[PDB]
Amino acid sequence: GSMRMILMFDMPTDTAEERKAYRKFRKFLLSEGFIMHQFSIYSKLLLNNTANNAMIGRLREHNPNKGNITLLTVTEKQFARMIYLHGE
Amino acid sequence: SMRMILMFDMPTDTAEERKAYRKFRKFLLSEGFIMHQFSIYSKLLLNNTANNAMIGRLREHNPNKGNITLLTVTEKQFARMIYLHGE
């Protein structure tokens, strides 16, 4: 069955090189069909476990220098109940 | 036996930002969250009333530019979590 992947992304961005890498990875995520819900928070519906495994490999391959990717599969009910808080 | 997972992100390029991050981390530990990574914390899911109060406290202490995501999953689902760090 389908697998909703939550993806969090964070990396240092004090250098120009880093910010370019950040923009590159974000553009990659979008081209792969992730949607950005808020800064650092993305998700994609993967069709099945095979697709999910291929995606994890792709993500590792495309992760920038110093990039940190958190991946968690959630059920649709868990996804609907997600809570987000923004600081100011 | 559900686990509440808290994921926290904020820019920490400046020393001031990293300081604010550490202050929030200290607060999370004081709220009974357990640390699993710089950005990843968990605790056993509270009853609804207590859970609402805690969410209010999290909202209040969230730094400027802070992003808090709460998800509730089973232990087995939480164990499947992946963290990828680029060399």
# chains A, B, ... in the order shown; residues from 1 in each chain; ligands from 1
call {"tool": "interface_residues", "arguments": {"of": "chain B", "to": "chain A", "cutoff": "6 Å", "atoms": "only C-alpha atoms", "output": "ChimeraX atom specification"}}
result
/B:13,62-71,81-87
call {"tool": "write_last_selection", "arguments": {"atoms": "N, CA and C atoms", "output": "short mmCIF file (atom, residue, chain, number, x, y, z; two decimals), in the first residue's frame"}}
result
data_model
loop_
_atom_site.label_atom_id
_atom_site.label_comp_id
_atom_site.auth_asym_id
_atom_site.auth_seq_id
_atom_site.Cartn_x
_atom_site.Cartn_y
_atom_site.Cartn_z
N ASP B 13 22.61 29.65 12.16
CA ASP B 13 23.85 30.21 11.61
C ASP B 13 24.55 31.14 12.59
N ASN B 62 8.48 28.57 22.01
CA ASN B 62 9.04 28.43 20.67
C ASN B 62 9.81 29.70 20.29
N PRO B 63 11.12 29.58 20.00
CA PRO B 63 11.88 30.77 19.60
C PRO B 63 11.36 31.41 18.33
N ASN B 64 11.74 32.67 18.13
CA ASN B 64 11.53 33.33 16.87
C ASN B 64 12.24 32.50 15.81
N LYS B 65 11.52 32.24 14.73
CA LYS B 65 12.00 31.48 13.58
C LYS B 65 11.97 29.97 13.85
N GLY B 66 11.43 29.57 15.00
CA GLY B 66 11.35 28.16 15.33
C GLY B 66 10.19 27.45 14.66
N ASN B 67 10.43 26.21 14.24
CA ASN B 67 9.40 25.38 13.63
C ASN B 67 9.24 24.12 14.46
N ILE B 68 8.06 23.93 15.04
CA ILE B 68 7.80 22.71 15.83
C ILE B 68 6.79 21.88 15.07
N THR B 69 7.11 20.60 14.85
CA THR B 69 6.15 19.66 14.27
C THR B 69 5.91 18.54 15.27
N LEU B 70 4.63 18.26 15.58
CA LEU B 70 4.28 17.13 16.44
C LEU B 70 3.55 16.08 15.63
N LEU B 71 4.02 14.84 15.76
CA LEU B 71 3.38 13.70 15.11
C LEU B 71 3.23 12.62 16.16
N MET B 81 12.13 5.26 11.82
CA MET B 81 12.66 6.58 11.47
C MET B 81 14.09 6.49 10.90
N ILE B 82 14.36 7.28 9.87
CA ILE B 82 15.68 7.34 9.26
C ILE B 82 16.25 8.75 9.39
N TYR B 83 17.54 8.83 9.69
CA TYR B 83 18.21 10.12 9.73
C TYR B 83 19.44 10.04 8.85
N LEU B 84 19.50 10.94 7.87
CA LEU B 84 20.60 10.94 6.91
C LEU B 84 21.45 12.19 7.07
N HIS B 85 22.74 12.02 7.35
CA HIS B 85 23.65 13.15 7.46
C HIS B 85 24.66 13.10 6.31
N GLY B 86 24.73 14.17 5.53
CA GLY B 86 25.69 14.24 4.44
C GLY B 86 27.05 14.61 4.95
N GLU B 87 28.04 13.76 4.65
CA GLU B 87 29.43 13.99 5.03
C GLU B 87 29.89 15.39 4.66
#
call {"tool": "select_by_dssp", "arguments": {"residues": "range 46-76 of chain B", "states": "alpha helix (DSSP H)", "output": "VMD selection string"}}
result
chain B and resid 48 to 61 75 to 76
call {"tool": "select_by_dssp", "arguments": {"residues": "chain B", "states": "strand (DSSP E or B)", "output": "list in words"}}
result
residues 3, 4, 5, 6, 7, 8, 9, 34, 35, 40, 41, 42, 43, 44, 67, 68, 69, 70, 71, 72, 73, 82, 83, 84 and 85 of chain B
call {"tool": "atom_distance", "arguments": {"atom1": "CA of residue 25 in chain B", "atom2": "CA of residue 36 in chain A"}}
result
24.7 Å
call {"tool": "atom_distance", "arguments": {"atom1": "CA of residue 57 in chain B", "atom2": "CA of residue 78 in chain B"}}
result
23.9 Å
call {"tool": "closest_residue", "arguments": {"among": "B:72, B:29, B:9, B:14", "to": "residue 45 in chain B", "atoms": "only C-alpha atoms"}}
result
B:72
call {"tool": "atom_distance", "arguments": {"atom1": "CA of residue 39 in chain B", "atom2": "CA of residue 56 in chain B"}}
result
19.6 Å
call {"tool": "residues_around", "arguments": {"residues": "range 47-52 of chain A", "least_positions_apart": "3", "cutoff": "10 Å", "atoms": "only C-alpha atoms", "output": "list in words"}}
result
residues 1, 2, 3, 4, 5, 44, 55, 56, 57, 58 and 73 of chain A
call {"tool": "decode", "arguments": {"residues": "range 27-48 of chain A", "atoms": "N, CA and C atoms", "output": "PDB file, in the first residue's frame"}}
result
ATOM      1  N   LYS A  27      14.875  22.338  -4.812  1.00  0.00           N
ATOM      2  CA  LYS A  27      14.356  22.201  -6.162  1.00  0.00           C
ATOM      3  C   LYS A  27      14.258  20.725  -6.537  1.00  0.00           C
ATOM      4  N   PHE A  28      15.219  19.923  -6.082  1.00  0.00           N
ATOM      5  CA  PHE A  28      15.185  18.484  -6.315  1.00  0.00           C
ATOM      6  C   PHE A  28      13.969  17.849  -5.650  1.00  0.00           C
ATOM      7  N   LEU A  29      13.737  18.194  -4.386  1.00  0.00           N
ATOM      8  CA  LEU A  29      12.589  17.659  -3.651  1.00  0.00           C
ATOM      9  C   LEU A  29      11.305  17.935  -4.413  1.00  0.00           C
ATOM     10  N   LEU A  30      11.134  19.173  -4.868  1.00  0.00           N
ATOM     11  CA  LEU A  30       9.912  19.540  -5.578  1.00  0.00           C
ATOM     12  C   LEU A  30       9.748  18.777  -6.896  1.00  0.00           C
ATOM     13  N   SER A  31      10.854  18.601  -7.619  1.00  0.00           N
ATOM     14  CA  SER A  31      10.822  17.882  -8.887  1.00  0.00           C
ATOM     15  C   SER A  31      10.519  16.412  -8.641  1.00  0.00           C
ATOM     16  N   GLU A  32      10.808  15.938  -7.433  1.00  0.00           N
ATOM     17  CA  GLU A  32      10.477  14.562  -7.069  1.00  0.00           C
ATOM     18  C   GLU A  32       9.052  14.441  -6.506  1.00  0.00           C
ATOM     19  N   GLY A  33       8.345  15.564  -6.412  1.00  0.00           N
ATOM     20  CA  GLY A  33       6.944  15.529  -6.031  1.00  0.00           C
ATOM     21  C   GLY A  33       6.655  15.783  -4.560  1.00  0.00           C
ATOM     22  N   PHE A  34       7.682  16.129  -3.791  1.00  0.00           N
ATOM     23  CA  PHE A  34       7.458  16.575  -2.417  1.00  0.00           C
ATOM     24  C   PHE A  34       6.778  17.935  -2.427  1.00  0.00           C
ATOM     25  N   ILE A  35       5.941  18.194  -1.434  1.00  0.00           N
ATOM     26  CA  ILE A  35       5.362  19.531  -1.281  1.00  0.00           C
ATOM     27  C   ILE A  35       5.906  20.107   0.006  1.00  0.00           C
ATOM     28  N   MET A  36       6.181  21.407   0.009  1.00  0.00           N
ATOM     29  CA  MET A  36       6.703  22.025   1.220  1.00  0.00           C
ATOM     30  C   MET A  36       5.548  22.591   2.001  1.00  0.00           C
ATOM     31  N   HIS A  37       5.388  22.112   3.226  1.00  0.00           N
ATOM     32  CA  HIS A  37       4.300  22.571   4.068  1.00  0.00           C
ATOM     33  C   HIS A  37       4.682  23.822   4.849  1.00  0.00           C
ATOM     34  N   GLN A  38       5.943  23.874   5.255  1.00  0.00           N
ATOM     35  CA  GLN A  38       6.511  25.054   5.905  1.00  0.00           C
ATOM     36  C   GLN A  38       8.012  24.923   5.796  1.00  0.00           C
ATOM     37  N   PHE A  39       8.734  25.958   6.217  1.00  0.00           N
ATOM     38  CA  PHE A  39      10.189  25.882   6.187  1.00  0.00           C
ATOM     39  C   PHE A  39      10.690  24.612   6.875  1.00  0.00           C
ATOM     40  N   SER A  40      11.451  23.821   6.116  1.00  0.00           N
ATOM     41  CA  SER A  40      12.122  22.585   6.559  1.00  0.00           C
ATOM     42  C   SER A  40      11.203  21.345   6.571  1.00  0.00           C
ATOM     43  N   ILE A  41       9.909  21.532   6.314  1.00  0.00           N
ATOM     44  CA  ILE A  41       8.914  20.442   6.391  1.00  0.00           C
ATOM     45  C   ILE A  41       8.299  20.073   5.050  1.00  0.00           C
ATOM     46  N   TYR A  42       8.501  18.821   4.633  1.00  0.00           N
ATOM     47  CA  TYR A  42       8.002  18.326   3.346  1.00  0.00           C
ATOM     48  C   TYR A  42       7.278  16.995   3.480  1.00  0.00           C
ATOM     49  N   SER A  43       6.484  16.636   2.474  1.00  0.00           N
ATOM     50  CA  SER A  43       5.982  15.267   2.417  1.00  0.00           C
ATOM     51  C   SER A  43       5.726  14.816   0.987  1.00  0.00           C
ATOM     52  N   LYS A  44       5.645  13.504   0.812  1.00  0.00           N
ATOM     53  CA  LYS A  44       5.268  12.916  -0.456  1.00  0.00           C
ATOM     54  C   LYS A  44       4.519  11.620  -0.175  1.00  0.00           C
ATOM     55  N   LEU A  45       3.500  11.342  -0.978  1.00  0.00           N
ATOM     56  CA  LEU A  45       2.862  10.037  -0.946  1.00  0.00           C
ATOM     57  C   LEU A  45       3.613   9.077  -1.851  1.00  0.00           C
ATOM     58  N   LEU A  46       4.255   8.076  -1.262  1.00  0.00           N
ATOM     59  CA  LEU A  46       4.914   7.049  -2.054  1.00  0.00           C
ATOM     60  C   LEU A  46       3.944   5.895  -2.291  1.00  0.00           C
ATOM     61  N   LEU A  47       3.967   5.335  -3.494  1.00  0.00           N
ATOM     62  CA  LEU A  47       2.928   4.388  -3.897  1.00  0.00           C
ATOM     63  C   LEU A  47       3.025   3.048  -3.177  1.00  0.00           C
ATOM     64  N   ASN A  48       4.240   2.673  -2.792  1.00  0.00           N
ATOM     65  CA  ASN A  48       4.491   1.403  -2.125  1.00  0.00           C
ATOM     66  C   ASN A  48       5.896   1.347  -1.564  1.00  0.00           C
TER      67      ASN A  48
END
